[PDB]
Amino acid sequence: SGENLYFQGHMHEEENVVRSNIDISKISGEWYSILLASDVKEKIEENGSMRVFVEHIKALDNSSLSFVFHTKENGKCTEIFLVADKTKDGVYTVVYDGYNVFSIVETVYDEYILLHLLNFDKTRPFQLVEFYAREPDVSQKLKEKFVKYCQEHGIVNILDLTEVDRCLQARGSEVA
């Protein structure tokens, strides 16, 4: 006798984690910048060009993606509008502080996006890893996931943005 037990689920571990065949409509909407990492720490510390705080992602056509960010310039939150062009599933290019490529590494559409960017500056090229979430903070488990990804890629300058000025106060342009 005893309770018969039965395997349930799939063999791989993660639930609803999307790594390819990205559905753009479901990654659209409101996002918050949570974590930022780089191999060049100056790019993400205060005054760094890549210290940008995402606001919204929108599908533009069957290819391109609109990204709206805030960044700090001359003491103020300023809104910056970017259009990223698709080169293949999950991969885009965009011009900002030079020429960039970036990849949607992994996403849970209603929770988070992990993005890995390369910038091709001739003198000081760099990599950026970003973690966006559907809320302004995330679980410790997800922060550890991000940190492990960074470590696996040799990226050791890792900032948690959730207790510093991310220009949240600048997101109130539109009312219900």
# chains A, B, ... in the order shown; residues from 1 in each chain; ligands from 1
>>> closest_atom_pairs(of="segment 34-54 of chain A", to="segment 73-96 of chain A", cutoff="9 Å", atoms="only C-alpha atoms", output="Markdown table")
| residue | atom | partner | partner_atom | distance |
| --- | --- | --- | --- | --- |
| A:47 | CA | A:73 | CA | 7.9 |
| A:49 | CA | A:96 | CA | 8.8 |
| A:50 | CA | A:96 | CA | 8.9 |
>>> write_last_selection(atoms="C-alpha atoms", output="compact mmCIF listing (two decimals), in the first residue's frame")
# COMPACT_ATOMS: atom_id res chain seq x y z
CA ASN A 47 26.41 60.66 -14.69
CA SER A 49 25.48 57.49 -20.19
CA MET A 50 23.81 54.11 -19.65
>>> residues_around(residues="segment 166-171 of chain A", least_positions_apart="6", cutoff="9 Å", atoms="only C-alpha atoms", output="PyMOL selection string")
chain A and resi 32-33+51-55+70-72+76-79+136
>>> select_by_dssp(residues="chain A", states="alpha helix (DSSP H)", output="MDAnalysis selection string")
chainID A and resid 24:27 140:152
>>> residues_around(residues="residue 131 of chain A", least_positions_apart="3", cutoff="8 Å", atoms="only C-alpha atoms", output="PyMOL selection string")
chain A and resi 33-36+112-115+146
>>> write_last_selection(atoms="N, CA, C and O atoms", output="PDB file, in the first residue's frame")
ATOM      1  N   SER A  33      13.111  49.934 -14.432  1.00  0.00           N
ATOM      2  CA  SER A  33      14.493  49.477 -14.380  1.00  0.00           C
ATOM      3  C   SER A  33      14.831  49.083 -12.942  1.00  0.00           C
ATOM      4  O   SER A  33      14.700  49.895 -12.022  1.00  0.00           O
ATOM      5  N   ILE A  34      15.276  47.851 -12.745  1.00  0.00           N
ATOM      6  CA  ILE A  34      15.568  47.301 -11.436  1.00  0.00           C
ATOM      7  C   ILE A  34      17.064  47.212 -11.192  1.00  0.00           C
ATOM      8  O   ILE A  34      17.579  47.699 -10.186  1.00  0.00           O
ATOM      9  N   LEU A  35      17.778  46.532 -12.095  1.00  0.00           N
ATOM     10  CA  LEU A  35      19.185  46.252 -11.945  1.00  0.00           C
ATOM     11  C   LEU A  35      19.911  46.636 -13.218  1.00  0.00           C
ATOM     12  O   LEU A  35      19.347  46.544 -14.310  1.00  0.00           O
ATOM     13  N   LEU A  36      21.177  47.016 -13.079  1.00  0.00           N
ATOM     14  CA  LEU A  36      22.020  47.478 -14.159  1.00  0.00           C
ATOM     15  C   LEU A  36      23.421  46.980 -13.896  1.00  0.00           C
ATOM     16  O   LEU A  36      23.901  47.058 -12.767  1.00  0.00           O
ATOM     17  N   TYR A 112       9.261  40.071 -15.811  1.00  0.00           N
ATOM     18  CA  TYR A 112      10.599  40.626 -15.978  1.00  0.00           C
ATOM     19  C   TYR A 112      11.140  40.400 -17.379  1.00  0.00           C
ATOM     20  O   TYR A 112      10.650  39.565 -18.143  1.00  0.00           O
ATOM     21  N   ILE A 113      12.157  41.204 -17.717  1.00  0.00           N
ATOM     22  CA  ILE A 113      12.952  41.055 -18.932  1.00  0.00           C
ATOM     23  C   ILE A 113      14.403  41.195 -18.530  1.00  0.00           C
ATOM     24  O   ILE A 113      14.754  42.131 -17.802  1.00  0.00           O
ATOM     25  N   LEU A 114      15.250  40.278 -19.006  1.00  0.00           N
ATOM     26  CA  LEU A 114      16.705  40.381 -18.884  1.00  0.00           C
ATOM     27  C   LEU A 114      17.253  40.659 -20.274  1.00  0.00           C
ATOM     28  O   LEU A 114      16.977  39.895 -21.207  1.00  0.00           O
ATOM     29  N   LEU A 115      17.999  41.761 -20.414  1.00  0.00           N
ATOM     30  CA  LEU A 115      18.523  42.209 -21.695  1.00  0.00           C
ATOM     31  C   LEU A 115      20.032  42.375 -21.599  1.00  0.00           C
ATOM     32  O   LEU A 115      20.545  42.886 -20.599  1.00  0.00           O
ATOM     33  N   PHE A 146      19.721  37.434 -11.756  1.00  0.00           N
ATOM     34  CA  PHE A 146      20.466  38.421 -12.504  1.00  0.00           C
ATOM     35  C   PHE A 146      21.943  38.402 -12.148  1.00  0.00           C
ATOM     36  O   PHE A 146      22.806  38.452 -13.020  1.00  0.00           O
TER      37      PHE A 146
END
